[PDB]
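Participant: PDB entry and its sequence, pasted below:
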Amino acid sequence: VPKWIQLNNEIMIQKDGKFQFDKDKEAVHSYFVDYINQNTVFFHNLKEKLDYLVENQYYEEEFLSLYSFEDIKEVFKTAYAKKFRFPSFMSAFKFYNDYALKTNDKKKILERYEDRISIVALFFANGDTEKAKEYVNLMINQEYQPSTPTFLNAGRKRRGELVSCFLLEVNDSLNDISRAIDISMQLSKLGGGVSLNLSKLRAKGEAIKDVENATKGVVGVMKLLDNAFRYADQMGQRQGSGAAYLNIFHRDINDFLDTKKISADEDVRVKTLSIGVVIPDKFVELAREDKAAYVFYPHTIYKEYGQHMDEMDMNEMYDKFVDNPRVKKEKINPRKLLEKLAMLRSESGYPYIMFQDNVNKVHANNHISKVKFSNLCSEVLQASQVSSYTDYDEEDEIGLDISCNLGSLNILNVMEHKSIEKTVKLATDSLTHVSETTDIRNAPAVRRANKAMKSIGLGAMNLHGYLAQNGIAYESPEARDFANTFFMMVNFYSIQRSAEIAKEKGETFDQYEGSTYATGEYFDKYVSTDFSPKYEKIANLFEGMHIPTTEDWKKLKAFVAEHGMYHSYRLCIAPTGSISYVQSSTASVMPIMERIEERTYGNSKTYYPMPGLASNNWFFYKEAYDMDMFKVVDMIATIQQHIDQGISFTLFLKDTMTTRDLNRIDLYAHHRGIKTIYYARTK
Amino acid sequence: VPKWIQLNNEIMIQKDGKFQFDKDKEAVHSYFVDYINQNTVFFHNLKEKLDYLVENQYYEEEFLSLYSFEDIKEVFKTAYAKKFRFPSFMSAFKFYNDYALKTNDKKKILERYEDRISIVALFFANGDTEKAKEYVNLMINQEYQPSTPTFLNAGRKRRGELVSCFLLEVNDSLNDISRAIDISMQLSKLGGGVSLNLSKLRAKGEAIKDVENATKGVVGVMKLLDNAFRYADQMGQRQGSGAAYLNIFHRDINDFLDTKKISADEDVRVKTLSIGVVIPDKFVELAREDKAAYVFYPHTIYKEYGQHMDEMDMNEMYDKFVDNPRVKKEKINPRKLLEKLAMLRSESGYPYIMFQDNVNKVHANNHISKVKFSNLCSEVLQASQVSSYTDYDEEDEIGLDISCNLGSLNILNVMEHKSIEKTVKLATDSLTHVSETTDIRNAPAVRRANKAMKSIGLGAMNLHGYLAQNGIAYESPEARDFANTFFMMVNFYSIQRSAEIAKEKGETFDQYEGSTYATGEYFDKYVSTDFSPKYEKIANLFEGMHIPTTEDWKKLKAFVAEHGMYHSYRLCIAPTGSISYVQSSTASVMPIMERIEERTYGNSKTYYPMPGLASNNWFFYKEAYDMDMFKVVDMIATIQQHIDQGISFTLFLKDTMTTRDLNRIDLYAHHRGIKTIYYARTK
Amino acid sequence: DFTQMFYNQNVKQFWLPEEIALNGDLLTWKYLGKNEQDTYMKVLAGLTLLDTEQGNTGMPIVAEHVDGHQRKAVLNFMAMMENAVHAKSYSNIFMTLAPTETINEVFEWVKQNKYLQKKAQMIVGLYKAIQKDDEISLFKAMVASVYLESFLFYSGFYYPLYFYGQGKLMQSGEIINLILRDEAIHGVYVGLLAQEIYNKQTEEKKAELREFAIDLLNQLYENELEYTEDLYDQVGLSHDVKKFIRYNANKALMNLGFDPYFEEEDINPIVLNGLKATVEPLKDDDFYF
Amino acid sequence: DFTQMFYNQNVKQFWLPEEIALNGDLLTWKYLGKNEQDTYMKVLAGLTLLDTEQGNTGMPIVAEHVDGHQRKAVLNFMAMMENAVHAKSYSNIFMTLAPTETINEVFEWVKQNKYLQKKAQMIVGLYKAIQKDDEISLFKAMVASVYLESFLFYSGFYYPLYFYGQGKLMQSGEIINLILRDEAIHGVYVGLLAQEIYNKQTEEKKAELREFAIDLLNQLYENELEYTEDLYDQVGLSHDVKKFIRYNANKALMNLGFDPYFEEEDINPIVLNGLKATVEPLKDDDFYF
Ligand SMILES: Nc1ncnc2c1ncn2[C@@H]1O[C@H](COP(=O)(O)OP(=O)(O)OP(=O)(O)O)[C@@H](O)[C@H]1O
Ligand SMILES: Nc1ncnc2c1ncn2[C@@H]1O[C@H](COP(=O)(O)OP(=O)(O)OP(=O)(O)O)[C@@H](O)[C@H]1O
Ligand SMILES: Cc1cn([C@H]2C[C@H](O)[C@@H](COP(=O)(O)OP(=O)(O)OP(=O)(O)O)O2)c(=O)[nH]c1=O
Ligand SMILES: [Mg+2]
Ligand SMILES: [Mg+2]
Ligand SMILES: [Mn+2]
Ligand SMILES: [Mn+2]
Ligand SMILES: [Mn+2]
Ligand SMILES: [Mn+2]
């Protein structure tokens, strides 16, 4: 066993009844003085390194050609001047195993952390040396972390796409289904997770040109998509991951759910395609009143009204659907469907739950389209227009397929540096650059939506780490007050940066004029309610930083009205799974699953303590499963009120609790304004 | 139990030690006195019937509008003047259960046999009343039978395409694979059987964008195609049928074959995807000499030579591939592979066997392309060019995808009417009309090849029926003499009609000038070898009909040289599954499987004796399983020497014979010039 | 003279309950009265208990004490059938026809039923009394096993056969017939082994062994009567079942080489109605013609 | 968490000796040298002798002491495969390749062989030492069983796999591959039963059981090296066989939830070529907060 492995395992060997957390630090030293420094490839100077990486097809030469070598040297020197040290063994291990650039045979390390950060910063700046240094300082301080696709692939020749998630709308036609399968394979080839809205597809037993009971429903398309994602599995490196979203009022909703039952037959079971359910407020109202609900056949509704079932408001059209004899429907028990959802989530963690009305009551771009589904991580909530892929030799009507670039603020590092504004603006600029340089030649709706919406996702990580390292319980009202203030600041500065980009470029996102940003409605709660901290401890935490007031929000509203906004969507809180290790941060705004996690790598086992875990903050690092899910819902709703897109909200459940407890948590989330629920992980 | 079913089951009841075959005739009468006439919709006049069928979206207005009502009435009167009577119960049952037009509620019969024949004739003639009457006389004499798609769908508004055999070339790319899946779905939606060539696809463990061990091979593509064919199942009417062809020198050939093993796992086995193997002469030579063979990685060959492995002659390329270090290959035992093929055919009848050099040594259009694969029934053998389907908003390079037009001569009815020439020419004209009226807007290469090649398949059936009713054993040399003469006359008149159509329209098929028809090579064996019958009995059978001599063939060769040939391909012998029942004929040129076949429809049993079966010809109606497969191979080769495309050749084996016997039959078929082997049906 | 043919017969009879689809019985089950369903569940539960102990204990312990690798192979195979095939098949039937609570209740009912506990106590007691190298204790356990195979199962088998014979519950009935076909050969085989031991004894010892066998049969019989009445009175069939178990008791005695003990009676006629290809390598001469 | 899954995998792997025709092996057997034929015979007899112990004692003794009806059924099925399928398969291979007198002599030799006896008696000793209601002694026997199934057989399996990977003795090699596939799952299953016992122990007791397992492995491994040289030096294969033993020792340890003992090595490519939360209804007022 390696020396650093033994040093890391020495953490759990208690001394005087206490964990040896400091041993972890020793491990990193070993991991660098025995493995990383020996396995790294050193050159005489930076010129030889850059030339070797360029000619050997490791780096794209275009982004490096925008800078003179003196500027690149200055950027690299700025990166190395911080003398960044990984405080935990797992941070360095995760970076050098998942994100550091290696040779073709993967026998040596070509990129250090500073090298990777410098390359990403130079790609972000697009020829601006000062901007590149700003990005270097932002990432080496670990205030901002680009998503895994962006951080791993920026400036690389053998790179994939920098966009993490893609959302596709599938129209009810064989041509559209085949095009959706093709685009899903193309985007999984690019490495991104693909989500498909199957609510427009007509249910099982519908007519294909006057021959009835002909359609296979959404389950056949689900099987096709599952095989497509199995085939396109990132060249066999990462399993192809897809998501299917169906409205709960679709007739196939049961069969949909039956794809995830552990007793499902092979002709129905789907195993590589995640499932999500979109629940309008009408379904929750029907379940609450115990009135029997009706699921609908989409094609009959489309024939009668000319629009898809998910294209209009069910809260106002459900009674018209039910009373219409030309609309076909089936009777269901909404409470039984809710119990089935809870049982399925207990068994397998599926489906994702999207509260459609919670998303669309604060959605700023309802004029473009209502949000009808979410992404594979159930945090992207954007307007999408379905595409009409016609026959060959016929022009296709290209719609809008959602796609946003992810980037997370490290809350602990951002607040320690007292740089919410600067970090938010620089992250917005980096995400705007990632969107601008993204061009996908096989997904036309994705390309058009990227060019028009200009949507980005600016997330946050290390919420629980910051709260526990500052002596604040994650479930406490003080923690929710901190989240309210911090994310109001993040939203304020993201809107300010979006408006500044719109002013400097003279262009807004497409159809911005009909948005609530243009009409000023979006700023209502910000121009009437003060989001400054209500607790003295939180206010002290925010000292040295100008917390925006109602007057600052009014000025920002006027600025947006004058100049517009460059981005249709700005903030989305992704799960941030593996890149949180490198940043020494807790995953996303979720509470920690465990204080010390035991992970098996190779034939060895390693223990990763939570960042900053110690004796004095052991009980502030409360495990998520031990927490009240209602207070976690309160925290997520408090954050969500300042996030325009959704938050990947994983439910952490105990084995003792029943499906009724899961249903109660889901209904409280819906009541509190939670937009989406990601996972039901049971301990 | 209905009266006609009792009269049909009375056949097996033996009187005086003989089957009551004549009772079947009585059954037909009952089937018409009790059921057909009662459930047949009658109109006051044909005008009312045509108006009702057109208005209720049963027929098409376009083809009926080309004639005055007097001409349509005259065509119907010509059809009804024959007073055609089905000689067996199963003929009428199959027609009125499969082909007769029924109401939307499927309880009444709108079309009789004469009505359907008249409608198909009017569709064929395209406005010529005399030509329509000629077609009516052809089909009511049952000399020619349009295929199930053409016969069932001609003149019907609610219909699939008139072509059901489609051959697709799949290029080695994700875009091409997705396009192939889409086209397969679209053609299965039209009701056609789709065959895909997977030899150009790179094997498992190949590089994608210079990353190693990334390709899933052809088995993942087969899984995708199997899912696509399961999804597209004729609006839930018939099981989606598809075929995949792989060259035996493709490295995936074992895994390909492993998709049909019973022991194969769920992630390996494809259930609705037929498989065929293309066997070049090089593989047979390697197996014969017991030299170990090599299966090659197609992408390495493409990188080294710039052409696909299946696009070049393996006979001259195999040694260069083996000696090339940059071509990756795996060692195999060709005799072990042959034994595996025989074992798989014994277990499941798969794969289909295509002898590439047997096809291509007589292929007339090798300049366009060599025949690389066959159809789902393993009888279509045509030149195909792969298409380069690029990314979106980029122009695709459309190639040639095979789609031939099926139609079968009834050898008994044709020869008893002494009308080989007239029937062949009229069938060629009808096939040309159906090929010209076919327009598929979702298969670009299929449409392009249909427009360019103008390839049709004119088959024959009732060969064994005709031979048995004339006191000739199917395995006798007299039967092979008759087949030689009859199919040489069929080829002569098909070529003459093709040249006449080319002269009339002033156009040949695309790239005809490079064909062996243009150079006169095709006629070589016809201008030197006399194909007149060598037996007096066969000559007396051909009495009253002019048998083309060598001088006639020289005149035809000169005529083709002067005027060209309209069809790239003219003759292919399809299995003729259900139309053989309606025509009261034995299926294809195959020998009969059973003298009397027992079938179960609903909860009732039915008995179909072979047409013309009696005590006198009971011995001549020898069952296929009791026959020597070498003599069946000899007869099929005798026919194949006059057929430009292949013949659906099913092997009929006993359970006693082993895989050595199957391999011996396959090798004798290869030796005798058999182009394709369809199935290995074990009794 | 017989083990090899029993080996071949046992292995050729191999089956799994999953070979039989059970959803076809759903309607004829739904249509039975509550009394009929109750008796049916309990009957199969009693059978499950017997096979559980025959598989866990009876067959393995007899296998341990019987000499000869082939005899042991037959007995091991029979043991596997008892618990891996027979006992499990009943759960397949239960899981198809009954809700979980009814299944839970019937297994609780076997634990507390005094006749089922008594018969298990008696049979398993004899199995566990076998002493190494003591042929008499082994004989006694083999008699107990024959009585389980050829007599005790039959109060249970009656009811599935009674339905099968009326064209009811025919898929479940198919499973039961396969189980019965197995037990018939198991009873014969163990009977032949018991006779081997009996035939080694003095006439005086034989007389004692017959006394043991008849006393044991009577004791089991009297208990089975009470069990039969307890289960079948609610469906009106107790007297009919009693005739059936006496019939099968005689078959068990015959399997042991003893004369029938009960007089012949007419059994319900309904219940009587309830009863790759070869590969050769390619020669170089097969490539030339 | 695992018994029903293993039940399924076991029963779906069921096979019989008669399925593979053996006579065609004589066409490659006749071309082997005397040393090759000698090694093959000796290896085959070694496997046969060890597998008989597993069928007569190893599996039945574990089935006897393990609690749980479903586990007893799976274990019974495995014992059946040893006695009814594997033992007949080994006999069939022998009878095909050697005359009766040669078979008797090879078994006499291997029966007296020091290295075969050492390992056979070490394993049997641990099975004989199991005490009623003592889970420690049961665990030790399970370790012995896993070592036999997943480790000790492999010095023997090497040779048939070596021929099988070369196109020699393909019929008997197919049989051996089916046997080996059964022993693999047997080893994994018994391994899970051992881990269950291990996980019920204190930390000191665990460390003591680990020391037992490693000490036993060491004794068996050192004897395997001697066994290997004794059989394989005459055909020049011992170096590669030793790599195969260590690789399989590591698999056996992993089956017992332990870390690999030996460094990772590549294997001979010819041999490689041969190889539910509680459902509670919503009660209303759960929709109001
Ligand atoms: N935790 C760590 N994170 C990142 N790099 C590290 C870490 N530990 C060691 N290294 C790398 O290994 C080298 C070993 O040097 P070390 O940290 O022991 O101190 P040093 O030799 O006094 O110099 P310096 O600390 O100034 O780099 C470091 O210079 C650095 O490049
Ligand atoms: N074998 C048969 N094949 C086809 N149609 C038949 C057959 N037998 C009877 N029919 C149908 O039933 C009708 C009655 O025929 P039948 O044998 O009674 O005498 P017919 O002289 O042909 O009668 P019709 O006056 O109808 O022409 C036929 O006209 C035809 O429509
Ligand atoms: C062709 C086909 C379609 N479908 C379903 C899936 C599609 O969502 C739906 C629409 O198919 P379409 O491609 O729209 O078929 P169509 O346009 O010819 O029929 P229509 O005019 O009624 O639109 O039909 C199947 O389930 N199986 C099939 O094989
Ligand atoms: Mg449509
Ligand atoms: Mg390519
Ligand atoms: Mn039993
Ligand atoms: Mn039994
Ligand atoms: Mn064994
Ligand atoms: Mn074993």
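Facilitator: Nice, I can see it. Numbers count the residues shown, from 1 in each chain, chains lettered A, B, ... in the order given. Ligands and ions are numbered 1, 2, ... in the order given.

Participant: What separation do you get for residue C:153 and residue C:248?
Facilitator: 8 Å (Cβ to Cβ, to the nearest Å). C-beta here means a position set from N, CA and C on the backbone, and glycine is covered the same way.

Participant: Same question for residue C:19.
Facilitator: Per Cβ to Cβ, residue C:19 is found 27 Å from residue C:248.

Participant: Among these two, which residue is more densely surrounded?
Facilitator: residue C:248 (23 against 9; other Cβ atoms under 10 Å in any protein chain shown).

Participant: got the contact list for the closest residue to the more buried one other than its chain neighbours?
Facilitator: What sits nearest to residue C:248 in space, not counting adjacent residues and going by Cβ to Cβ, 6 or more residues apart in numbering or on different chains, is residue C:154, at 4.2 Å. Contacts for residue C:154 were tallied using Cβ atoms under 8 Å, 6 or more residues apart in numbering or on different chains; they are C:244, C:245, C:247, C:248.

Participant: Go through the residues you listed and flag which are in strands.
Facilitator: Within those, no residue falls in strands by DSSP state E.

Participant: between those residues, which is nearest residue A:104?
Facilitator: residue C:248 (77.3 Å; Cβ to Cβ).

Participant: Give the helix, strand or coil label for the closest residue to chain B within the stretch 101-250 of chain C.
Facilitator: Nearest residue of the stretch 101-250 of chain C to chain B, counting by Cβ to the nearest Cβ: residue C:167, 16.4 Å away. With DSSP: H, G, I helix; E, B strand; the rest coil as the basis, residue C:167 sits in coil.

Participant: which stretches of the stretch 151-289 of chain C form helices?
Facilitator: Taking DSSP state H, counting those that start in this stretch, the helices of the stretch 151-289 of chain C run over residues C:154-164, C:170-198, C:203-232, C:238-255, C:269-273.

Participant: Tell me which of those sits nearest to residue A:278.
Facilitator: helix C:170-198 (41.7 Å).

Participant: now for that closest one, which elements pack on it?
Facilitator: helix C:3-12, helix C:69-80, helix C:87-97, helix C:135-147, helix C:154-164, helix C:238-255 (3 or more Cβ pairs under 8 Å, 6 or more residues apart in numbering or on different chains; DSSP states H and E).

Participant: can that helix be found next to ligand 7?
Facilitator: Yes - judged by Cβ under 5 Å from the ion, helix C:170-198 and ligand 7 are in contact via C:183, C:186.

Participant: For chain A, what lies in contact range of chain B?
Facilitator: A:158, A:174-175, A:177-179, A:181-182, A:185-186, A:189, A:208-211, A:213-216, A:220-221, A:223-224, A:227-228, A:230-233, A:235-236, A:266, A:391-394, A:441-444 (Cβ under 8 Å from any Cβ of the partner chain).

Participant: which among those end up buried?
Facilitator: A:174-175, A:177-179, A:181-182, A:185-186, A:189, A:208, A:214-216, A:220-221, A:223-224, A:227-228, A:230-233, A:235-236, A:392, A:442-444 (16 or more other Cβ atoms under 10 Å in any protein chain shown).

Participant: can you give me phi and psi for whatever residue of chain C ends up closest to ligand 1?
Facilitator: Closest to ligand 1 within chain C is residue C:100: 56.3 Å, counting by Cβ to the nearest ligand atom. Main-chain torsions, residue C:100, degrees, to the nearest 10: phi -50, psi -40.

Participant: residues contacting it?
Facilitator: Going by Cβ under 8 Å, 6+ apart, the list of residues near residue C:100 is empty.

Participant: Equivalent analysis for residue A:400, please.
Facilitator: Residue A:400 neighbours (Cβ under 8 Å, 6+ apart): A:169, A:368, A:369, A:383, A:384, A:385, A:445, A:448, A:449, A:452, A:453.

Participant: Pull the number of nearby residues for the closest residue to the second one other than its chain neighbours.
Facilitator: Excluding the flanking residues, the one nearest residue A:368 by Cβ to Cβ, 6+ apart is residue A:383, at 4.1 Å. Counted with other Cβ under 10 Å, the burial measure for residue A:383 works out to 24 neighbours.

Participant: The one 3 residues further on now?
Facilitator: The burial count assigned to residue A:386 is 24, neighbours taken as other Cβ under 10 Å.

Participant: Equivalent analysis for residue C:39, please.
Facilitator: Neighbour tally, residue C:39, other Cβ under 10 Å: 20.

Participant: is it true that it touches residue C:230?
Facilitator: No - contact criterion Cβ atoms under 8 Å: residue C:39 and residue C:230 do not qualify, at 9.7 Å.
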